[PDB]
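Visitor: Here it is, the structure, as structure tokens.
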RNA sequence: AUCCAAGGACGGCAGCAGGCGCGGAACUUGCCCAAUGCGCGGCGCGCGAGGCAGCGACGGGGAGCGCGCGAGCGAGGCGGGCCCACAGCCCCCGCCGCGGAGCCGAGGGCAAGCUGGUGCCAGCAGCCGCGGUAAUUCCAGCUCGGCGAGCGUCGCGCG
RNA sequence: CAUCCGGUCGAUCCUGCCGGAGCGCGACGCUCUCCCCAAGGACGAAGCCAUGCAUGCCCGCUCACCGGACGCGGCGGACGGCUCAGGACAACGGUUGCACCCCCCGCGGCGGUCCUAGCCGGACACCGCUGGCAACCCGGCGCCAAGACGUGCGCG
Ligand SMILES: [Mg+2]
Ligand SMILES: [Mg+2]
């Protein structure tokens, strides 16, 4: 058959089981306003990633410390988290992972990292400039607002050289 | 007009096919190289200007970086013997015959198979 | 106890569950086959038939129609939802008929009605109710 | 139930250690019959195209092979699907490159460049001693090579050194405890060790226990145990002396290389 | 089931396109062997396998209908590259420049309320129930709520 | 990634079911700015089919025409592609065996053959002449080739 049949694909978010819940609606609108989220799918994506990390951490934590698999997977997970900036450098024990929150994920988005550097007035202004390709990471320009920057790349973010 | 730099990578010698393997990276930050023909010279001096073929070439997001492949042949005949026809046609080497529809060819083949003995009439 | 619990008793538990799972009404309906043969739709989401007669603690006369399924040739009764939609339905006309919310059982105060009209002459009934489409071809 | 033999091979059904890409295409090359079978071999084109990168397509490989630029044990081969196997000689005179085909610790085929002093021979494993026509004794090897009138002292599972120029035995290594061996199949492919025990079960497989030089111990069946000399290897071996690293060590190596 | 100059001859699409019937339900009677392979072979031929394109709201992923007190940016149009067996498409370089939201609902379960008609009629309502002169539930306008380039209805499976 | 809510009464506690709330597979309705990926006549009709295509290649044999046609010969066509009717200790999955078995190509060996050999014999194909038949199909005579056919030199 066609080779295209063997390509993979998957969903990336989870919907709440109870849709109408006043505190949840308030919190979601609050988060959307602070971080300028386009719609409610981004929150679901963040929840999905957080759930994956939490499940991995749980499964690893259920085992003994001196287990080869536990060491291997914990080291990999901690290295990934440190590189991505979600978890602080000084934390190296697996326990700290389970207390993480989606706000930490959100704070590393491109809009946030340029706003905290004072290069933009607001998250909405940041999104407007990003869509207009006026920003660059390292030597390359990125026009995706959800692009996630790494800790070693935070100081290399600047304004696009060719931007007017 | 910011200058343009061409480098040479993945250098391999292929005496069997009488050529050299290649991967060309051209840097034109804030500008565009006119095309491949005007850039043949850089690769030529880095490694006759008509014994080189550039076929792979993609420009990355933002236009800063463009990479590709070249193929330098020892002699013109080696290029002629070892080269896909469409590559020659794209280059200014030979002339492309007018295309003919394969459907008509299949129709002719079936009609000919229909006849017996001497079937050259149709 | 009241259930067998020995280490070599898997067969008895299997047969017990096999026999006793047939007492649930829903499971019987789903996996017995009588419902499948009795259901006019024959397990389909909706069917196509032909109109043959327009007919009628709450005391509210309701408008419905008699249909004859093309693929099965049996007779059923269908109900026309919206307000004033009976005029869009003419005697001897082809319709598309679906089910109600409940699969099989009657819905609401309508006695013995389990089917709904949704399309007439190839145009959605609800669309015609809002004037999105028009029946000037008929 | 197919009416005859099979001639094609789907890409997904191909052996894993070939390392073919899932999206490269629907089909994969189907090796022809020869010295080595389907599951213990590798087609020539894969080496000539996906490893040494000397060719970019099927047609280039076919042209090269027709020009007789590749030798396999001194005999030019023009078949793009000729099967190559363990302890083969792969010399390309036009570029003065000579390799021997062996197994890496990960369990894949590798090319080990060699010298001329040891490139005129190969090692073969004897699997069968039978009487042919007229009662003349014979022997067969893992590469589908039959020798007549062999020395009586040679038995099954031994190792034989045959000169490629003529095809005659010069010396043999007995199968015994304390002889360096190399594993040619299973979970332990590519490891090097020394035999320590031989346990035979009547009517079933015979099990061989060997210890690695570092001190590791592992088990495998006799069907894939290959003697490669006495105490020390007779031939060259890859840089690592058949030592399989652990996942953690391999991850450290990967990070160092990154 | 087909041709017949009536004595005769002739077929098997559950192969690729396409047509009829059936059904609730399902695409072009297109181009090419250039890539992966097979067959026969020395500097290649053939392949409706396969590849490319077309229709395609099955479905999945990423951006947007503004920001701020002036600029800027897309979609789109015209040319040049790159790619392509040939053509597209993506991406890059120049000139000019359309910013467009729907589907459900507002008594409870379940987040979201004021006027005008009708009068157990017409109609709503998965369940409870509303409607016999203020109808918080029908029909309309205003306002509001949820999801959002998607929303709702019907049947099946898990929960 | 361990959740419940409304309905039997004049009120209350239970059993018990009805309905709602989530995901996925399809069909219907309304609507749709840009890009990437992507399924697609299977659903008690394995029902019926105009029209075109889907299997060829070539070393051997040239007194054909100007060596290329055609023909004999060789290999392949038993692979690939489509569908799920039939079949319920069967097919199928894992695990054994043939000391009851067959096997083209390919690789490596081996190669002693009882009783004109400066190299044997006759044919057909294509083709020329002559003809039947609506078409499909073929007839009769005639010189010629073989890595074709037949005979066969040979250390049981
Ligand atoms: Mg057929
Ligand atoms: Mg004789």
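Readers should treat all values here as calculations from the given coordinates under stated rules, not as data from a laboratory. Note that we place each Cβ from the backbone using ideal geometry, even for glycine, and neighbour counts take in every protein chain shown.
Rundown of residues vs (1) within 14 Å of RNA strand E (Cβ to nearest atom); (2) away from chain B (no Cβ under 14 Å); (3) not in a helix (DSSP H, G or I), yes/no style:
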| site | (1), (2), (3) |
| --- | --- |
| A:114 | yes, yes, no |
| A:120 | yes, yes, yes |
| A:145 | yes, yes, yes |
| A:162 | yes, no, yes |
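Visitor: Take the conditions within 19 Å of residue D:31 (Cβ to Cβ) and more than 14 Å from chain B (Cβ to nearest Cβ) and apply them to residue D:85. Does it pass? Full working, then the answer.
Guide: Numbers: within 19 Å of residue D:31 (Cβ to Cβ): yes; more than 14 Å from chain B (Cβ to nearest Cβ): yes.
Yes: the conditions hold for residue D:85.
Visitor: Another one. Keeping to the stretch C:82-138, report how many residues are closer than 30 Å to residue C:26 by Cβ, in contact with a strand residue (DSSP E or B) (Cβ under 8 Å, 6 or more places away or on another chain) and surrounded by 13 or more Cβ atoms within 10 Å (Cβ to Cβ).
Guide: 12
Visitor: Any idea which residue in the stretch D:50-73 is nearest to residue D:186 (Cα to Cα), counting only those that are assigned to a helix (DSSP H, G or I) and away from chain B (no Cβ under 11 Å)?
Guide: Across the stretch D:50-73, the extreme among qualifying residues is D:50.
Visitor: Out of the residues in the stretch A:147-160 that are more than 14 Å from every other protein chain (Cβ to nearest Cβ) and in a loop (DSSP other than H, G, I, E, B), state the one that is nearest to residue A:78 (Cα to Cα).
Guide: Out of the qualifying residues, it is A:150.
Visitor: Could I ask something else about it? Under 8 Å between Cβ atoms, at least 6 apart or on separate chains: pull out the pairs that start in the stretch C:102-126 with a residue that is within 14 Å of another protein chain (Cβ to nearest Cβ) and under 18 Å from residue C:49 (Cβ atoms) and end on any residue that is more than 7 Å from RNA strand E (Cβ to nearest atom) and in a strand (DSSP E or B).
Guide: As it stands, the answer is none, since no pair meets every condition given.
Visitor: Of all residues in the stretch B:20-53, which are touching a helix residue (DSSP H, G or I) at 6+ places or on another chain (Cβ under 7 Å) and not in a loop (DSSP other than H, G, I, E, B)? Show your work before the answer.
Guide: To start, the set of residues in the stretch B:20-53 that are touching a helix residue (DSSP H, G or I) at 6+ places or on another chain (Cβ under 7 Å) comprises B:24, B:26, B:33, B:49, B:51-53.
Selection gives B:24, B:26, B:52, B:53.
Visitor: Within the stretch A:4-14, can one find any residue that is more than 14 Å from chain D (Cβ to nearest Cβ) and more than 9 Å from RNA strand E (Cβ to nearest atom)?
Guide: Looking for residues that are more than 14 Å from chain D (Cβ to nearest Cβ) and more than 9 Å from RNA strand E (Cβ to nearest atom), one finds at least one in the stretch A:4-14, hence yes.
Visitor: Now, a different point. For the stretch D:236-258, name all the residues that are under 26 Å from residue D:225 (Cα atoms) and away from chain A (no Cβ under 12 Å).
Guide: If the condition is that a residue be under 26 Å from residue D:225 (Cα atoms) and away from chain A (no Cβ under 12 Å), then D:236, D:237, D:238, D:239, D:240, D:241, D:242, D:243, D:244, D:245 are the ones that fit.
Visitor: If residue D:30 satisfies every condition in (1) near RNA strand E (Cβ under 9 Å from one of its atoms); (2) within 14 Å of another protein chain (Cβ to nearest Cβ); (3) over 21 Å from residue D:103 (Cβ atoms) but one, which is the exception?
Guide: Tallying (1) near RNA strand E (Cβ under 9 Å from one of its atoms); (2) within 14 Å of another protein chain (Cβ to nearest Cβ); (3) over 21 Å from residue D:103 (Cβ atoms), residue D:30 fails exactly one: (2).
Visitor: Report, by residue number, each residue of the stretch C:13-30 that is within 14 Å of RNA strand F (Cβ to nearest atom), assigned to a helix (DSSP H, G or I) and surrounded by fewer than 13 Cβ atoms within 10 Å (Cβ to Cβ). Don't jump to the end; show me each part of the working.
Guide: Of the residues in the stretch C:13-30, the ones within 14 Å of RNA strand F (Cβ to nearest atom) are C:20-21, C:23-30.
If we keep only those that are assigned to a helix (DSSP H, G or I) too, we end up with C:20-21, C:23, C:25-30.
Selection gives C:20, C:21, C:23, C:25, C:26, C:27, C:30.
Visitor: Something else now. When the residues of the stretch D:1-49 are filtered to those that are crowded, with 18+ Cβ neighbours inside 10 Å and part of a helix (DSSP H, G or I), which remaining residue is nearest to RNA strand F (Cβ to nearest atom)?
Guide: D:44
Visitor: Filter the stretch D:204-252 for residues that are closer than 16 Å to residue D:105 by Cα and within 16 Å of RNA strand F (Cβ to nearest atom); which is surrounded by the fewest Cβ atoms within 10 Å (Cβ to Cβ)?
Guide: Out of the qualifying residues, it is D:219.
Visitor: From the set of residues in the stretch C:37-54 that are more than 10 Å from RNA strand E (Cβ to nearest atom) and surrounded by 10 or more Cβ atoms within 10 Å (Cβ to Cβ), which is nearest to the chain's Cα centre (by Cα)? Walk me through how you get there before you give the answer.
Guide: Residues of the stretch C:37-54 that are more than 10 Å from RNA strand E (Cβ to nearest atom), as a first pass: C:37-38, C:40, C:50-54.
Subsequent filtering for residues that are surrounded by 10 or more Cβ atoms within 10 Å (Cβ to Cβ) retains C:40, C:50-54.
Values: C:40: 8, C:50: 16, C:51: 17, C:52: 19, C:53: 19, C:54: 19 Å.
This residue is C:40.
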